[PDB]
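A.B. asks: This block holds the first chain(s) of the complex, placed as they are in the complex; more will follow:
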Amino acid sequence: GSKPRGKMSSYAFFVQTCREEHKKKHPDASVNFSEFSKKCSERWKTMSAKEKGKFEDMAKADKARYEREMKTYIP
Amino acid sequence: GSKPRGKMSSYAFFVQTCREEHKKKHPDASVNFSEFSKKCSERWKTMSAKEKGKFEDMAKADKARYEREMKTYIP
C-alpha cells in the first residue's frame, strides 16, 4: 500500500466551504491565496461552536478514515 | 526524531528562484498562485540545459541529505 493521506482538520474542511462561498460571490476571479487564507481564518475565529460542529464531525470521520488506513500501512 | 523533510526536486528549487525574480520585477504585487505556477513552468520548459543543471545538482545534494536522514527515521 501507499502512505495514507494526512488527517484533514475541521479547519481544512472549512476552508473548502470558504472557497465555495467565494466562487459564488466571485465566479470569475483567480484566488488571491494570501488574502483568502487571512479572510477564512478571520471568519473561522468568529464562528460559534454550533456552526463549527459540522466541520468537526467531518474531521472526526476523517480521523477514523486515517486510523483505519494506517492499520495496514507498512513503511 | 521527526520525519525528514521530503526531497526537494530540481523544479522545487527553481520555483524559489522564480519567486525571487518575480519579487524584483514586481515588488508590490501579491502572488497570483495560479498564474505564477503557469509562468514558472513555461520558464522551466525553455531554460537552457546549463542553467537547469545547477538546479539538478541542488536536487542531487538534497536527495543525499534525504537518504542520509532517512537512515535514522523511525515511524
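C.D. replies: Received it, and whenever you're ready, just let me know what you need. Residues are numbered from 1 along each chain as shown, chains lettered A, B, ... in the order given.
A.B. asks: The longest helix out of those in chain A - contacts with which helices or strands?
C.D. replies: The longest helix of chain A (DSSP state H) is helix A:49-71. In terms of contacts (3 or more CB pairs under 8 Å, 6 or more residues apart in numbering or on different chains; DSSP states H and E), helix A:49-71 is packed against helix A:10-25. Backbone N, C-alpha and C define where each C-beta goes, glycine included.
A.B. asks: For the helix it packs on, buried residues please.
C.D. replies: A:10-11, A:13-15, A:18 (16 or more other CB atoms under 10 Å in any protein chain shown).
A.B. asks: For the closest residue to residue A:11 other than its chain neighbours, which three-state class applies?
C.D. replies: With sequence-adjacent residues excluded and distances taken as CB to CB, 6 or more residues apart in numbering or on different chains, residue A:11 is closest to residue A:44, at 6.2 Å. Under DSSP: H, G, I helix; E, B strand; the rest coil, the three-state class of residue A:44 is helix.
A.B. asks: here's DNA strand C, add it to the model above:
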DNA sequence: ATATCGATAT
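C.D. replies: Time to bring in DNA strand C:
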C-alpha cells in the same frame, strides 16, 4: 507534519 486554497513538477 500535514492539510486547505491552484497549478505544477519531480
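A.B. asks: Once more for what packs on helix A:49-71, now including DNA strand C?
C.D. replies: Looks like helix A:49-71 contacts helix A:10-25 (3+ CB pairs under 8 Å, 6+ apart).
A.B. asks: Can you give me the neighbour number for the closest residue to DNA strand C within chain A?
C.D. replies: Going by CB to the nearest atom of the strand, DNA strand C is nearest to residue A:6 of chain A, at 2.2 Å. When neighbours are counted by other CB atoms under 10 Å in any protein chain shown, residue A:6 registers 9.
A.B. asks: Just give me the neighbour total for the residue lying closest to it once chain neighbours are set aside.
C.D. replies: Nearest residue to residue A:6, sequence neighbours excluded (CB to CB, 6+ apart): residue A:66, at 7.4 Å. The number of residues packed near residue A:66 is 14, by other CB under 10 Å.
A.B. asks: Put this one in as DNA strand D:
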DNA sequence: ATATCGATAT
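C.D. replies: Below is DNA strand D, added to the chains above:
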C-alpha cells in the same frame, strides 16, 4: 508522496 509559490490551523 511531496514539494514550491503565502498564510494559516489542527
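A.B. asks: sorry, back to before: just the buried positions in the longest helix of chain A, please.
C.D. replies: Neighbour counts over helix A:49-71 (16+ other CB under 10 Å) mark A:55, A:58-59, A:62 as buried.
A.B. asks: Check the offset of that helix from the chain's centre.
C.D. replies: Between the centre of helix A:49-71 and the centre of its chain there are 10 Å (CA atoms, centre = their mean, to the nearest Å).
A.B. asks: Ok, stretch A:30-50 next?
C.D. replies: Centre-to-centre, stretch A:30-50 and its host chain are 11 Å apart (CA atoms, centre = their mean).
A.B. asks: Please save the CA atoms from it in CSV.
C.D. replies: C-alpha atoms of stretch A:30-50 as CSV (Å, rounded to 0.1, in the frame of the first residue of the first chain):
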residue,chain,number,x,y,z
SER,A,30,-8.5,33.9,-9.5
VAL,A,31,-7.9,33.2,-5.8
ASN,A,32,-5.5,35.6,-4.0
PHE,A,33,-4.1,32.9,-1.7
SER,A,34,-2.6,35.2,0.9
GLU,A,35,-5.8,37.3,1.2
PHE,A,36,-8.1,34.2,1.0
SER,A,37,-6.3,32.5,3.8
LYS,A,38,-6.5,35.6,6.0
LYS,A,39,-10.2,36.0,5.3
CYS,A,40,-11.1,32.4,6.0
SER,A,41,-9.1,32.4,9.2
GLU,A,42,-10.8,35.7,10.4
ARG,A,43,-14.3,34.2,9.6
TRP,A,44,-13.4,30.9,11.5
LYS,A,45,-12.3,32.9,14.6
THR,A,46,-15.8,34.4,15.0
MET,A,47,-17.8,31.2,14.3
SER,A,48,-19.8,29.7,17.1
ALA,A,49,-19.4,26.0,18.2
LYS,A,50,-22.8,25.2,16.5
